[PDB]
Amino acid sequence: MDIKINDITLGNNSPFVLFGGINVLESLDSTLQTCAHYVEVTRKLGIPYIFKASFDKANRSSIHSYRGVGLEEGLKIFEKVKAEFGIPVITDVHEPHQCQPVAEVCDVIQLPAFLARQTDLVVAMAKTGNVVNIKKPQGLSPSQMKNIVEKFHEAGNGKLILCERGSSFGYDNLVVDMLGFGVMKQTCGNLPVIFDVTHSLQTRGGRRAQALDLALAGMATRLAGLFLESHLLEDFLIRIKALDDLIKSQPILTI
């Protein structure tokens, strides 16, 4: 099942969409400058692009780390990003009451992994009618994502993206099960599946050569998109796009 996001078609058999930006919104000037780098590299490679940032990050490394500019100013910034670049945007929400005003502006709203089971947030997200990105908890098996999907369906919204971020592997480590993508496709109605390579790695060419190997491996399984929590970018995306074009150009095996 494909999902239309303005002029973008997101789907497991469509060219991959890149989801990328900054961690937290600080200022309009800072945001536009970063977004302009992503936009210029992606436009030049012809890769569809969705800008990501948090306006209010509830899951911070420290208590007093900056949460972001907040709902009101954040949504202003996002409006400016959409107007200047003509691209869709994505942001996370952690409180039910935030969902509706965020959804007036943000094309995709994101369910953080740690809140993925919180029924009230699921419901309030669903009721926006917006495209939703469901982050897979590291403790949830791929065959149980269908239960989160079910709850969104009960609450009236089927425009759902499934985002892999790795699975708990002993202590501390995360491993990404390359079979999980296929399990999610088979059990969740072939909804678009995207890969958050960055998180998948935070606990493991340095990080750069690893991110590339892991992104390649995941995209080889035929996925709707790639999600980075962030010329260097350009070399990376050239390789991802090469693999993605090859894979998507071949028909799926046939019974």
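Start at 1 and count along the sequence shown; that's the residue number.
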_Between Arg204 and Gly205, what class does the number of missing deposited residues fall in: none, 1 to 3, 4 to 9, or 10 or more?_
4 to 9
*Count of coordinate-less deposited residues separating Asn59 and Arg60, as none, 1 to 3, 4 to 9, or 10 or more?*
none
_Of 78-86 and 161-169, the stretch whose C-alpha atoms average the higher B-factor in the entry_ = 78-86
*Select between 219-227 and 28-36 the stretch whose C-alpha atoms have the higher average B-factor in the entry.*
28-36
_Residue, from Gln118, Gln138, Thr91, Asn133, that the PDB entry assigns the highest Cα B-factor_ = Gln118
*Whose CA atom has the top B-factor in the entry, of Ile50, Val41, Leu214, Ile194?*
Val41
*Can you tell me which third, lowest, middle or highest, the CA B-factor of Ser200 falls into for its chain?*
highest
*If you rank every modelled residue in this chain by C-alpha B factor, which third holds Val176: lowest, middle or highest?*
lowest
*Classify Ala155 as lowest, middle or highest third according to the C-alpha B-factor given in the PDB entry, relative to its own chain.*
highest
*Ranked by Cα temperature factor within the chain, is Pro142 in the lowest third, the middle third or the highest third?*
middle
_Per the entry's values, where does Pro112 land by CA temperature factor relative to the rest of its chain, in the lowest, middle or highest third?_
middle
